[PDB]
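Taking it in order: structure first as C-alpha cells, then the write-up.
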Amino acid sequence: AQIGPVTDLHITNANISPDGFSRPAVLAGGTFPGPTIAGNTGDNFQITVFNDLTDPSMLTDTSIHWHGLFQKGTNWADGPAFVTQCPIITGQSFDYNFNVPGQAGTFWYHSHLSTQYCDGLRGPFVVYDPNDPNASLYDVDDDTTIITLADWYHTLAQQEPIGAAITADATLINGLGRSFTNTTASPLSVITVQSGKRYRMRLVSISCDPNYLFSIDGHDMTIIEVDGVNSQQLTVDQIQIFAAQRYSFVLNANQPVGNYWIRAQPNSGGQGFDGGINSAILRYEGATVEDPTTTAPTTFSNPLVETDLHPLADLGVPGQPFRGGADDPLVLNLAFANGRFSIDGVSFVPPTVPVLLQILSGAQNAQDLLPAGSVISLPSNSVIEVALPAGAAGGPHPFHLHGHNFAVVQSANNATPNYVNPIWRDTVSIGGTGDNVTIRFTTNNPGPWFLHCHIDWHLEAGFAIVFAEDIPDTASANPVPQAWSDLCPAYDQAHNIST
Ligand SMILES: *[C@@H]1O[C@H](CO)[C@@H](O[C@@H]2O[C@H](CO)[C@@H](O)[C@H](O)[C@H]2NC(C)=O)[C@H](O)[C@H]1NC(C)=O
Ligand SMILES: *[C@@H]1O[C@H](CO)[C@@H](O[C@@H]2O[C@H](CO)[C@@H](O)[C@H](O)[C@H]2NC(C)=O)[C@H](O)[C@H]1NC(C)=O
Ligand SMILES: [Cu+2]
Ligand SMILES: [Cu+2]
Ligand SMILES: [Cu+2]
Ligand SMILES: [Cu+2]
Ligand code: NA
C-alpha cells in the first residue's frame with residue numbers, strides 16, 4: 001500500500017539480502033526501496049520522520065529530502081543537511097510539513113546526510129493529478145506501475161574512499177536483482193500486465209551513481225512525463241536515465257502473451273546479462289511462470305535523445321534567445337583533482353551552522369555566509385542562466401537544483417541551444433568534454449537551494465554550491481516551526497559541538 005499524505009515514517013537498521021548477499025542497511029518503512037509516499041496535487045504532506053537508527057557504521061543521525069518538490073515558503077523542510085537543517089538525532093522525530101501546489105508527477109525521497117541514502121534510505125514519492133491531461137493515454141496507474149532502478153553495494157557507504165571511483169555489486173529493479181560477482185540465482189522482480197491494457201509506468205532512478213540503459217524486450221515506450229513535467233508523447237525503444245531522473249512512459253501490453261526481459265544496463269559495474277544480472281521480468285497474465293527467452297537488439301533504433309523531448313504545456317524559455325541573455329548569466333567552473341571536486345575553485349564541505357539558520361540569524365550577503373566561497377546569491381524575480389561545461393573526471397555528471405525545475409537550453413552531446421521549446425526538468429546530464437549544458441529558471445522562491453552533482457560519491461567529495469536565492473526575503477517567506485528551531489541545539493549537544 002501507498003502511505004501519505006499524512007503519515008509516520010520510521011527509519012531503522014535491518015539486514016537485507018536483495019541480491020542474495022546479506023548486509024545491514026538504513027531503511028524507511030522496513031523495506032528497500034522504502035514505501036511509496038503519495039497524494040494529490042496541492043495536498044498538505046506531513047511526514048513525521050522517526051529516527052530509530054542505532055548502528056554508527058551507517059550514521060545514527062538522518063535528514064530526508066523530497067526530491068523535486070519546490071518547498072516554496074517551506075525551505076526549512078527541504079532536507080539537505082547543513083543547508084536547510086541540522087540532522088535529526090536518534091530517538092527523536094521531526095514533522096516535515098509542506099504543501100505541493102502546482103506540481104504533479106513522479107518524485108522520490110532519500111536521505112540527504114553524507115552518503116547515507118546509498119545504505120538504503122530511498123523510496124518513490126508520487127503526486128497524482130485528478131485532472132491529469134495525460135489520463136486518457138492509459139488504463140492503469142498505481143503502486144504496481146512504479147519501476148525503481150537502484151545501485152546496490154556490499155561494502156557500507158562510510159567505508160567508501162572519498163573521491164574514488166566506487167563501483168556497485170548489483171543492479172536492483174523494484175528492490176531485487178543479481179550480484180555481478182559470485183552471482184546466485186536469487187529472485188528477480190516481476191512486473192505483471194494484462195494483454196490489451198495500457199500502463200503508466202513511472203520509472204524512477206534511485207541511483208547513487210550509475211546511469212542505466214533501460215529497455216523492455218519486444219516493447220516500446222511512449223514518454224509522457226520528465227522529472228515531474230508533462231511532455232508531448234515521444235516513443236522510444238531505450239531510455240538512458242541518469243541518477244535521480246524520472247520518466248513516465250505508456251506501456252501498451254500489445255505483444256503475444258508471454259515473458260519478456262526488462263533490462264537496466266549500468267555504465268559501470270557488470271556489463272551484460274549473464275546469469276540474469278541487470279534484469280527483471282515483464283509477465284503477461286496467463287503466461288507460464290518461467291524466465292523470458294527474449295533477446296535485446298544489437299543496437300536500439302529509437303533511443304531517447306533529450307532534445308527530442310518537449311513540454312506538453314507551452315512553457316517556453318525565460319530570457320532572450322542567446323547565450324548570456326538573462327538578468328543573471330552564470331558560467332560555473334566545474335573541476336576535479338586529487339580526490340576532490342570543486343565549483344568556481346571551492347570544494348564543498350558542509351558548514352557547522354546550516355545555511356538557512358545563518359540567514360535567519362542575520363547574515364545577509366553571500367560573502368557573510370559559510371562555507372566561504374560556496375554560497376552564491378541570486379537576485380529576486382530575475383531570469384537566471386547557468387552554464388555547466390563538462391570535462392571534470394567521473395562523468396557524465398547529473399546536476400540537480402533544489403527548489404526549482406529549469407529549461408534545458410542546451411543538452412549533452414549537441415552544441416545547438418534551444419530557446420523555443422526545450423524540456424524542463426530537475427536533474428540533467430552535463431555530458432562530455434567540450435559540451436556546454438545550460439539551464440534557465442526565474443527566481444520566485446526565496447531560500448538557500450543546493451546545486452550539486454547527484455552522484456552521491458561526488459557530492460561527498462565536494463561537487464556542490466548553494467544558491468542563496470533572495471536572501472532579503474528568506475526570513476519573511478519561510479517562517480519556521482519550533483521543532484525546526486530545536487534541531488541544531490539538540491544535534492550540537494548530542495555531538496558535543498559548540499556554535
Ligand atoms: C558556455 O557558454 C558560456 C555562455 O553561456 C560561455 O561563457 C563565455 O565565456 C567566455 C570565455 O570563455 C567569456 O568571454 C564570456 O563572458 C562568457 N559569457 C558569454 C559569451 O555570454 C562559455 O565559454 C561556454 N563554454 C564552453 C566550454 O563552450
Ligand atoms: C540538436 O539540438 C537542436 C536544438 O534543440 C535540435 O534542433 C531542432 O531540431 C528540431 C527537430 O528537427 C527542429 O524542429 C528545431 O527547429 C531545431 N532547433 C534548432 C534551434 O535548431 C537538433 O535536432 C538536435 N540534434 C540532433 C542530432 O538531435
Ligand atoms: Cu535527490
Ligand atoms: Cu533535490
Ligand atoms: Cu558527478
Ligand atoms: Cu541535494
Ligand atoms: Na521566451
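Convention: chains lettered A, B, ... in C-alpha cells order; per-chain residue numbering from 1; ligands numbered from 1 as shown.
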
Find the spatial neighbours of residue 87 in chain A, counting only C-alpha atoms, within a cut-off of 7 Å - ignore same-chain residues fewer than 4 positions away - and output them as a PyMOL selection string.
chain A and resi 61-63+81+487+491

Selection to disk with C-alpha atoms, as a PDB file, in the first residue's frame:
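The new file part.pdb reads:
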ATOM      1  CA  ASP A  61      21.638  10.838  12.502  1.00  0.00           C
ATOM      2  CA  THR A  62      19.428  11.412   9.458  1.00  0.00           C
ATOM      3  CA  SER A  63      17.701  14.016   7.285  1.00  0.00           C
ATOM      4  CA  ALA A  81      21.910  18.500   5.971  1.00  0.00           C
ATOM      5  CA  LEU A 487      17.117  20.649  15.714  1.00  0.00           C
ATOM      6  CA  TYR A 491      22.243  17.937  17.346  1.00  0.00           C
TER       7      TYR A 491
END

As a ChimeraX atom specification, please: the residues near range 130-136 of chain A (cut-off 8 Å, only C-alpha atoms, same-chain neighbours under 4 positions excluded).
/A:40-41,224

List every residue of range 257-363 of chain A that DSSP, applied to the backbone of this structure, assigns to strand (DSSP E or B), and report them as a CSV table (one decimal) with C-alpha atoms, in the first residue's frame.
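Written output follows (out_38.csv):
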chain,number,residue,atom,x,y,z
A,259,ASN,CA,7.5,-13.4,-20.6
A,260,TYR,CA,9.9,-10.6,-21.7
A,261,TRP,CA,13.2,-9.3,-20.2
A,262,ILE,CA,13.3,-5.9,-18.6
A,263,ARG,CA,16.9,-4.6,-18.9
A,264,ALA,CA,18.8,-1.9,-17.0
A,265,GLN,CA,22.5,-1.8,-18.0
A,266,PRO,CA,24.6,0.5,-15.8
A,279,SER,CA,17.4,-7.9,-15.3
A,280,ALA,CA,13.7,-8.2,-14.3
A,281,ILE,CA,10.7,-9.9,-15.9
A,282,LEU,CA,7.6,-8.5,-17.7
A,283,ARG,CA,5.0,-11.2,-17.3
A,284,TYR,CA,1.6,-11.2,-19.1
A,303,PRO,CA,16.8,5.7,-28.2
A,311,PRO,CA,6.7,20.1,-22.8
A,328,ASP,CA,22.0,37.0,-14.1
A,329,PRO,CA,24.0,34.8,-16.5
A,330,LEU,CA,26.5,32.5,-14.8
A,331,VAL,CA,29.1,30.1,-16.0
A,334,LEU,CA,33.4,22.5,-12.6
A,335,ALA,CA,36.7,20.7,-11.8
A,336,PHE,CA,38.2,17.6,-10.2
A,337,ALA,CA,41.7,16.9,-8.8
A,340,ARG,CA,38.1,16.4,-4.6
A,341,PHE,CA,35.6,18.2,-6.8
A,342,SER,CA,35.3,22.0,-6.9
A,343,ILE,CA,32.9,24.6,-8.2
A,346,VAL,CA,35.9,25.8,-3.9

Could you give me, as JSON, numbers by chain, the residues within 12 Å of residue 414 in chain A, counting only C-alpha atoms and dropping anything in the same chain fewer than 4 positions from it?
{"A": [305, 306, 307, 308, 408, 409, 410, 418, 430, 431, 432, 433, 434, 435, 436, 437, 438]}

Keeping only C-alpha atoms, take the residues you just selected and write them out as a CSV table (one decimal), in the first residue's frame.
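Result saved to out-v7.csv:
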chain,number,residue,atom,x,y,z
A,305,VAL,CA,17.6,11.9,-27.1
A,306,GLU,CA,16.9,14.8,-24.7
A,307,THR,CA,16.4,17.4,-27.5
A,308,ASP,CA,13.5,15.3,-28.8
A,408,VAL,CA,17.3,22.7,-20.6
A,409,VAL,CA,18.5,25.2,-23.1
A,410,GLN,CA,21.4,23.0,-24.2
A,418,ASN,CA,17.1,25.7,-27.9
A,430,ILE,CA,26.1,17.7,-18.3
A,431,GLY,CA,27.6,15.5,-21.0
A,432,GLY,CA,31.2,15.1,-22.1
A,433,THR,CA,34.3,17.0,-22.9
A,434,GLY,CA,33.5,20.3,-24.7
A,435,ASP,CA,29.8,20.3,-24.0
A,436,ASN,CA,28.0,23.3,-22.6
A,437,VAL,CA,24.8,22.1,-21.0
A,438,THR,CA,22.9,25.2,-19.9

Between chain A and ligand 3, at 7 Å or less, what are the per-residue closest atom pairs and their distances in Å? Count only C-alpha atoms and all ligand atoms, order by chain and rising residue number, and return it as JSON lines.
{"residue": "A:65", "atom": "CA", "partner": "ligand 3", "partner_atom_place_in_ligand_line": "1 (Cu)", "distance": 6.9}
{"residue": "A:67", "atom": "CA", "partner": "ligand 3", "partner_atom_place_in_ligand_line": "1 (Cu)", "distance": 4.5}
{"residue": "A:109", "atom": "CA", "partner": "ligand 3", "partner_atom_place_in_ligand_line": "1 (Cu)", "distance": 6.9}
{"residue": "A:110", "atom": "CA", "partner": "ligand 3", "partner_atom_place_in_ligand_line": "1 (Cu)", "distance": 6.5}
{"residue": "A:244", "atom": "CA", "partner": "ligand 3", "partner_atom_place_in_ligand_line": "1 (Cu)", "distance": 5.5}
{"residue": "A:454", "atom": "CA", "partner": "ligand 3", "partner_atom_place_in_ligand_line": "1 (Cu)", "distance": 6.7}

Kindly export the residues of the current selection with N, CA and C atoms, as a PDB file, in the first residue's frame.
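result_21.pdb was written with the following content:
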ATOM      1  N   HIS A  65      15.248  14.404   2.189  1.00  0.00           N
ATOM      2  CA  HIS A  65      14.888  15.349   1.105  1.00  0.00           C
ATOM      3  C   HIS A  65      13.827  14.731   0.219  1.00  0.00           C
ATOM      4  N   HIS A  67      12.706  14.880  -3.219  1.00  0.00           N
ATOM      5  CA  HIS A  67      13.387  15.316  -4.428  1.00  0.00           C
ATOM      6  C   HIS A  67      12.471  15.807  -5.511  1.00  0.00           C
ATOM      7  N   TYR A 109      12.100  10.216  -2.510  1.00  0.00           N
ATOM      8  CA  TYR A 109      12.646  10.760  -1.249  1.00  0.00           C
ATOM      9  C   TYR A 109      13.880   9.937  -0.914  1.00  0.00           C
ATOM     10  N   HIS A 110      14.829  10.603  -0.218  1.00  0.00           N
ATOM     11  CA  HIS A 110      16.082   9.959   0.128  1.00  0.00           C
ATOM     12  C   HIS A 110      16.745  10.656   1.292  1.00  0.00           C
ATOM     13  N   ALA A 244      18.742  10.009 -10.267  1.00  0.00           N
ATOM     14  CA  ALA A 244      17.698  10.890  -9.721  1.00  0.00           C
ATOM     15  C   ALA A 244      16.640  11.343 -10.720  1.00  0.00           C
ATOM     16  N   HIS A 454      24.381  14.736  -8.689  1.00  0.00           N
ATOM     17  CA  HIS A 454      23.611  13.752  -7.948  1.00  0.00           C
ATOM     18  C   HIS A 454      24.242  12.355  -7.917  1.00  0.00           C
TER      19      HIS A 454
END

Please identify the residues whose atoms come within 7 Å of ligand 4, using only C-alpha atoms and all ligand atoms, and report them as a PDB file with N, CA and C atoms, in the first residue's frame.
ATOM      1  N   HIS A  65      15.248  14.404   2.189  1.00  0.00           N
ATOM      2  CA  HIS A  65      14.888  15.349   1.105  1.00  0.00           C
ATOM      3  C   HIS A  65      13.827  14.731   0.219  1.00  0.00           C
ATOM      4  N   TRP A  66      12.898  15.614  -0.234  1.00  0.00           N
ATOM      5  CA  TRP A  66      11.723  15.267  -1.038  1.00  0.00           C
ATOM      6  C   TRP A  66      12.079  15.759  -2.430  1.00  0.00           C
ATOM      7  N   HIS A  67      12.706  14.880  -3.219  1.00  0.00           N
ATOM      8  CA  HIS A  67      13.387  15.316  -4.428  1.00  0.00           C
ATOM      9  C   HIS A  67      12.471  15.807  -5.511  1.00  0.00           C
ATOM     10  N   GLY A  68      12.643  17.075  -5.893  1.00  0.00           N
ATOM     11  CA  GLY A  68      11.887  17.703  -6.986  1.00  0.00           C
ATOM     12  C   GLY A  68      10.726  18.535  -6.503  1.00  0.00           C
ATOM     13  N   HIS A 400      21.757  18.593 -10.369  1.00  0.00           N
ATOM     14  CA  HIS A 400      20.382  18.765  -9.826  1.00  0.00           C
ATOM     15  C   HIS A 400      20.339  20.066  -9.022  1.00  0.00           C
ATOM     16  N   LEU A 401      19.216  20.803  -9.183  1.00  0.00           N
ATOM     17  CA  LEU A 401      18.941  22.046  -8.445  1.00  0.00           C
ATOM     18  C   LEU A 401      17.732  21.836  -7.577  1.00  0.00           C
ATOM     19  N   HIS A 402      17.855  22.121  -6.286  1.00  0.00           N
ATOM     20  CA  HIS A 402      16.723  22.119  -5.351  1.00  0.00           C
ATOM     21  C   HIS A 402      15.838  23.352  -5.594  1.00  0.00           C
TER      22      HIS A 402
END

Quick one: pull the distance between CA of residue 405 in chain A and CA of residue 302 in chain A, Å, one decimal.
26.5 Å

For residue 152 in chain A, please output as a PDB file with N, CA, C and O atoms, in the first residue's frame all residues within 8 Å (counting only C-alpha atoms; exclusion window: fewer than 6 positions along the same chain).
ATOM      1  N   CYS A 118      22.745   5.833   0.004  1.00  0.00           N
ATOM      2  CA  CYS A 118      23.274   4.655  -0.652  1.00  0.00           C
ATOM      3  C   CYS A 118      23.045   3.392   0.211  1.00  0.00           C
ATOM      4  O   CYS A 118      22.782   2.303  -0.291  1.00  0.00           O
ATOM      5  N   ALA A 168      29.373  -0.528  -7.963  1.00  0.00           N
ATOM      6  CA  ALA A 168      28.324  -1.298  -7.310  1.00  0.00           C
ATOM      7  C   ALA A 168      28.524  -2.815  -7.490  1.00  0.00           C
ATOM      8  O   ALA A 168      29.301  -3.236  -8.370  1.00  0.00           O
ATOM      9  N   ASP A 169      27.762  -3.556  -6.700  1.00  0.00           N
ATOM     10  CA  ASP A 169      27.768  -5.031  -6.778  1.00  0.00           C
ATOM     11  C   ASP A 169      26.532  -5.636  -7.370  1.00  0.00           C
ATOM     12  O   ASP A 169      26.530  -6.840  -7.701  1.00  0.00           O
ATOM     13  N   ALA A 170      25.449  -4.861  -7.540  1.00  0.00           N
ATOM     14  CA  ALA A 170      24.213  -5.380  -8.183  1.00  0.00           C
ATOM     15  C   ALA A 170      23.420  -4.188  -8.682  1.00  0.00           C
ATOM     16  O   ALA A 170      23.429  -3.108  -8.057  1.00  0.00           O
ATOM     17  N   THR A 171      22.655  -4.437  -9.725  1.00  0.00           N
ATOM     18  CA  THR A 171      21.515  -3.587 -10.118  1.00  0.00           C
ATOM     19  C   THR A 171      20.252  -4.188  -9.587  1.00  0.00           C
ATOM     20  O   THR A 171      19.993  -5.391  -9.784  1.00  0.00           O
ATOM     21  N   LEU A 172      19.423  -3.395  -8.898  1.00  0.00           N
ATOM     22  CA  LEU A 172      18.186  -3.819  -8.370  1.00  0.00           C
ATOM     23  C   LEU A 172      17.049  -3.098  -9.086  1.00  0.00           C
ATOM     24  O   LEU A 172      17.048  -1.847  -9.193  1.00  0.00           O
TER      25      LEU A 172
END

Return as a PyMOL selection string the full set of residues in range 301-415 of chain A whose backbone-based DSSP assignment is helix (DSSP H, G or I).
chain A and resi 306-308+355-360+366-368

If you keep N, CA, C and O atoms, can you produce a file of those selected residues as a PDB file, in the first residue's frame?
ATOM      1  N   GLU A 306      17.605  13.773 -25.562  1.00  0.00           N
ATOM      2  CA  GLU A 306      16.928  14.753 -24.686  1.00  0.00           C
ATOM      3  C   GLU A 306      16.316  15.916 -25.495  1.00  0.00           C
ATOM      4  O   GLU A 306      15.289  16.451 -25.078  1.00  0.00           O
ATOM      5  N   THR A 307      16.945  16.274 -26.627  1.00  0.00           N
ATOM      6  CA  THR A 307      16.436  17.402 -27.458  1.00  0.00           C
ATOM      7  C   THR A 307      15.150  17.033 -28.185  1.00  0.00           C
ATOM      8  O   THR A 307      14.483  17.912 -28.705  1.00  0.00           O
ATOM      9  N   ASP A 308      14.804  15.751 -28.241  1.00  0.00           N
ATOM     10  CA  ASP A 308      13.532  15.324 -28.829  1.00  0.00           C
ATOM     11  C   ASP A 308      12.335  15.569 -27.934  1.00  0.00           C
ATOM     12  O   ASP A 308      11.187  15.499 -28.353  1.00  0.00           O
ATOM     13  N   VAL A 355      23.094  26.752   6.371  1.00  0.00           N
ATOM     14  CA  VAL A 355      22.974  27.996   5.638  1.00  0.00           C
ATOM     15  C   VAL A 355      21.675  28.733   5.972  1.00  0.00           C
ATOM     16  O   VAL A 355      21.673  29.973   6.186  1.00  0.00           O
ATOM     17  N   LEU A 356      20.536  28.029   5.998  1.00  0.00           N
ATOM     18  CA  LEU A 356      19.249  28.725   6.304  1.00  0.00           C
ATOM     19  C   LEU A 356      19.343  29.399   7.704  1.00  0.00           C
ATOM     20  O   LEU A 356      18.904  30.553   7.842  1.00  0.00           O
ATOM     21  N   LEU A 357      19.836  28.671   8.705  1.00  0.00           N
ATOM     22  CA  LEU A 357      19.937  29.271  10.053  1.00  0.00           C
ATOM     23  C   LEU A 357      20.893  30.440  10.058  1.00  0.00           C
ATOM     24  O   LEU A 357      20.601  31.490  10.727  1.00  0.00           O
ATOM     25  N   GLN A 358      21.988  30.401   9.312  1.00  0.00           N
ATOM     26  CA  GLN A 358      22.870  31.597   9.230  1.00  0.00           C
ATOM     27  C   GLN A 358      22.089  32.769   8.697  1.00  0.00           C
ATOM     28  O   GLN A 358      22.266  33.942   9.193  1.00  0.00           O
ATOM     29  N   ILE A 359      21.259  32.589   7.677  1.00  0.00           N
ATOM     30  CA  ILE A 359      20.496  33.715   7.090  1.00  0.00           C
ATOM     31  C   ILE A 359      19.447  34.174   8.082  1.00  0.00           C
ATOM     32  O   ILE A 359      19.335  35.431   8.297  1.00  0.00           O
ATOM     33  N   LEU A 360      18.729  33.296   8.741  1.00  0.00           N
ATOM     34  CA  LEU A 360      17.701  33.719   9.726  1.00  0.00           C
ATOM     35  C   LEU A 360      18.359  34.446  10.886  1.00  0.00           C
ATOM     36  O   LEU A 360      17.685  35.323  11.476  1.00  0.00           O
ATOM     37  N   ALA A 366      26.146  36.947   0.599  1.00  0.00           N
ATOM     38  CA  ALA A 366      26.718  35.655   0.365  1.00  0.00           C
ATOM     39  C   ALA A 366      28.178  35.602   0.794  1.00  0.00           C
ATOM     40  O   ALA A 366      28.651  34.536   1.215  1.00  0.00           O
ATOM     41  N   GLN A 367      28.886  36.726   0.812  1.00  0.00           N
ATOM     42  CA  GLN A 367      30.235  36.700   1.435  1.00  0.00           C
ATOM     43  C   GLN A 367      30.257  36.602   2.984  1.00  0.00           C
ATOM     44  O   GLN A 367      31.286  36.264   3.587  1.00  0.00           O
ATOM     45  N   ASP A 368      29.145  36.866   3.654  1.00  0.00           N
ATOM     46  CA  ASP A 368      28.965  36.608   5.097  1.00  0.00           C
ATOM     47  C   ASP A 368      28.608  35.148   5.425  1.00  0.00           C
ATOM     48  O   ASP A 368      28.467  34.785   6.617  1.00  0.00           O
TER      49      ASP A 368
END

At a cut-off of 7 Å and counting only C-alpha atoms and all ligand atoms, what residues surround ligand 6? Please answer as a count of residues only.
7

Set out as JSON lines a contact list for chain A and ligand 7 with a cut-off of 8 Å, giving each residue of chain A that qualifies its closest atom pair and distance in Å to one decimal, counting only C-alpha atoms and all ligand atoms, ordered by chain and rising residue number.
{"residue": "A:316", "atom": "CA", "partner": "ligand 7", "partner_atom_place_in_ligand_line": "1 (Na)", "distance": 5.1}
{"residue": "A:317", "atom": "CA", "partner": "ligand 7", "partner_atom_place_in_ligand_line": "1 (Na)", "distance": 4.3}
{"residue": "A:318", "atom": "CA", "partner": "ligand 7", "partner_atom_place_in_ligand_line": "1 (Na)", "distance": 4.6}
{"residue": "A:319", "atom": "CA", "partner": "ligand 7", "partner_atom_place_in_ligand_line": "1 (Na)", "distance": 5.8}
{"residue": "A:320", "atom": "CA", "partner": "ligand 7", "partner_atom_place_in_ligand_line": "1 (Na)", "distance": 6.6}
{"residue": "A:321", "atom": "CA", "partner": "ligand 7", "partner_atom_place_in_ligand_line": "1 (Na)", "distance": 7.6}
{"residue": "A:419", "atom": "CA", "partner": "ligand 7", "partner_atom_place_in_ligand_line": "1 (Na)", "distance": 6.9}
{"residue": "A:420", "atom": "CA", "partner": "ligand 7", "partner_atom_place_in_ligand_line": "1 (Na)", "distance": 6.7}

Export of prior selection with N, CA, C and O atoms as a PDB file, in the first residue's frame:
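result-v2.pdb, freshly written:
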ATOM      1  N   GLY A 316       7.738  27.555 -22.901  1.00  0.00           N
ATOM      2  CA  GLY A 316       8.746  28.460 -23.478  1.00  0.00           C
ATOM      3  C   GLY A 316      10.073  28.377 -22.730  1.00  0.00           C
ATOM      4  O   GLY A 316      10.432  27.317 -22.121  1.00  0.00           O
ATOM      5  N   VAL A 317      10.814  29.484 -22.796  1.00  0.00           N
ATOM      6  CA  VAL A 317      12.079  29.644 -22.135  1.00  0.00           C
ATOM      7  C   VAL A 317      12.162  31.077 -21.636  1.00  0.00           C
ATOM      8  O   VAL A 317      11.956  31.977 -22.488  1.00  0.00           O
ATOM      9  N   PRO A 318      12.546  31.349 -20.399  1.00  0.00           N
ATOM     10  CA  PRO A 318      12.636  32.760 -19.951  1.00  0.00           C
ATOM     11  C   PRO A 318      13.912  33.405 -20.525  1.00  0.00           C
ATOM     12  O   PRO A 318      14.863  32.700 -20.899  1.00  0.00           O
ATOM     13  N   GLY A 319      13.905  34.725 -20.584  1.00  0.00           N
ATOM     14  CA  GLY A 319      15.070  35.461 -21.082  1.00  0.00           C
ATOM     15  C   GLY A 319      15.073  35.674 -22.559  1.00  0.00           C
ATOM     16  O   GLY A 319      14.016  35.651 -23.219  1.00  0.00           O
ATOM     17  N   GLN A 320      16.275  35.877 -23.110  1.00  0.00           N
ATOM     18  CA  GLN A 320      16.464  36.236 -24.519  1.00  0.00           C
ATOM     19  C   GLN A 320      17.182  35.129 -25.255  1.00  0.00           C
ATOM     20  O   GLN A 320      17.941  34.338 -24.628  1.00  0.00           O
ATOM     21  N   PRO A 321      17.012  35.024 -26.570  1.00  0.00           N
ATOM     22  CA  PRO A 321      17.472  33.837 -27.295  1.00  0.00           C
ATOM     23  C   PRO A 321      18.907  33.840 -27.759  1.00  0.00           C
ATOM     24  O   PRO A 321      19.208  33.733 -28.981  1.00  0.00           O
ATOM     25  N   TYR A 419      16.038  27.864 -27.548  1.00  0.00           N
ATOM     26  CA  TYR A 419      15.395  28.942 -26.810  1.00  0.00           C
ATOM     27  C   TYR A 419      13.898  28.986 -27.057  1.00  0.00           C
ATOM     28  O   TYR A 419      13.256  29.982 -26.618  1.00  0.00           O
ATOM     29  N   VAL A 420      13.337  27.970 -27.698  1.00  0.00           N
ATOM     30  CA  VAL A 420      11.930  27.918 -28.101  1.00  0.00           C
ATOM     31  C   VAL A 420      11.144  26.943 -27.243  1.00  0.00           C
ATOM     32  O   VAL A 420      10.194  27.330 -26.530  1.00  0.00           O
TER      33      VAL A 420
END

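Restricting the atom set to only C-alpha atoms and all ligand atoms, one finds that the residues within 9 Å of ligand 5 amount to residues 209, 341, 392, 393, 394, 395, 396, 397, 398, 399, 452, 453, 454, 455, 456, 457, 458, 459 and 463 of chain A.
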
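You will find CA of residue 85 in chain A at 16.7 Å from CA of residue 464 in chain A.
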
Best match for closeness to residue 207 in chain A among A:353, A:277, A:127, A:121, counting only C-alpha atoms
A:121

Distance of CA of residue 115 in chain A from CA of residue 48 in chain A, expressed in Å to one decimal place:
21.9 Å

9 Å contact set for residue 183 in chain A, only C-alpha atoms, chain neighbours under 2 positions out, as a PyMOL selection string
chain A and resi 19-20+178-181+185-186+275-277

Got time to write the residues from that selection, N, CA, C and O atoms, as a PDB file, in the first residue's frame?
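Full text of out-v3.pdb as output:
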ATOM      1  N   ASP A  19      20.107  -9.158  -3.387  1.00  0.00           N
ATOM      2  CA  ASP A  19      20.820  -9.894  -4.418  1.00  0.00           C
ATOM      3  C   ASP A  19      21.345 -11.228  -3.878  1.00  0.00           C
ATOM      4  O   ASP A  19      22.274 -11.786  -4.449  1.00  0.00           O
ATOM      5  N   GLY A  20      20.802 -11.668  -2.739  1.00  0.00           N
ATOM      6  CA  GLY A  20      21.278 -12.906  -2.094  1.00  0.00           C
ATOM      7  C   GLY A  20      22.392 -12.711  -1.095  1.00  0.00           C
ATOM      8  O   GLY A  20      22.751 -13.692  -0.403  1.00  0.00           O
ATOM      9  N   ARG A 178      20.502  -9.470  -9.311  1.00  0.00           N
ATOM     10  CA  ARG A 178      21.574 -10.426  -9.030  1.00  0.00           C
ATOM     11  C   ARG A 178      22.928  -9.762  -9.007  1.00  0.00           C
ATOM     12  O   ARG A 178      23.210  -8.757  -9.667  1.00  0.00           O
ATOM     13  N   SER A 179      23.811 -10.316  -8.171  1.00  0.00           N
ATOM     14  CA  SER A 179      25.140  -9.751  -7.975  1.00  0.00           C
ATOM     15  C   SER A 179      26.054  -9.977  -9.179  1.00  0.00           C
ATOM     16  O   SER A 179      25.993 -11.042  -9.858  1.00  0.00           O
ATOM     17  N   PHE A 180      26.915  -9.012  -9.480  1.00  0.00           N
ATOM     18  CA  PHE A 180      27.807  -9.079 -10.636  1.00  0.00           C
ATOM     19  C   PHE A 180      28.922 -10.127 -10.469  1.00  0.00           C
ATOM     20  O   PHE A 180      29.340 -10.699 -11.469  1.00  0.00           O
ATOM     21  N   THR A 181      29.365 -10.325  -9.257  1.00  0.00           N
ATOM     22  CA  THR A 181      30.368 -11.377  -8.975  1.00  0.00           C
ATOM     23  C   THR A 181      29.728 -12.303  -7.963  1.00  0.00           C
ATOM     24  O   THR A 181      28.768 -12.011  -7.195  1.00  0.00           O
ATOM     25  N   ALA A 185      21.333 -17.333  -8.270  1.00  0.00           N
ATOM     26  CA  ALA A 185      20.014 -17.226  -8.928  1.00  0.00           C
ATOM     27  C   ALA A 185      18.960 -16.805  -7.913  1.00  0.00           C
ATOM     28  O   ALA A 185      17.964 -17.472  -7.711  1.00  0.00           O
ATOM     29  N   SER A 186      19.185 -15.652  -7.280  1.00  0.00           N
ATOM     30  CA  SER A 186      18.227 -15.112  -6.315  1.00  0.00           C
ATOM     31  C   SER A 186      17.021 -14.531  -7.057  1.00  0.00           C
ATOM     32  O   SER A 186      17.066 -14.324  -8.294  1.00  0.00           O
ATOM     33  N   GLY A 275      23.680 -14.779 -16.318  1.00  0.00           N
ATOM     34  CA  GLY A 275      23.185 -15.213 -15.044  1.00  0.00           C
ATOM     35  C   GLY A 275      21.963 -14.413 -14.596  1.00  0.00           C
ATOM     36  O   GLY A 275      21.509 -14.606 -13.489  1.00  0.00           O
ATOM     37  N   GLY A 276      21.405 -13.561 -15.460  1.00  0.00           N
ATOM     38  CA  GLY A 276      20.264 -12.722 -15.123  1.00  0.00           C
ATOM     39  C   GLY A 276      20.603 -11.460 -14.288  1.00  0.00           C
ATOM     40  O   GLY A 276      19.694 -10.909 -13.678  1.00  0.00           O
ATOM     41  N   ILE A 277      21.855 -11.013 -14.286  1.00  0.00           N
ATOM     42  CA  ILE A 277      22.169  -9.672 -13.743  1.00  0.00           C
ATOM     43  C   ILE A 277      21.472  -8.609 -14.590  1.00  0.00           C
ATOM     44  O   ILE A 277      21.158  -8.841 -15.776  1.00  0.00           O
TER      45      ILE A 277
END

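Ranking A:162, A:296, A:190, A:388 by their shortest atom-to-atom distance to residue 462 in chain A, with only C-alpha atoms included, puts A:162 first.
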
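Near residue 108 in chain A, within a cut-off of 6 Å and counting only C-alpha atoms, sit the residues residues 67, 123, 124 and 125 of chain A, with same-chain residues fewer than 2 positions away left out.
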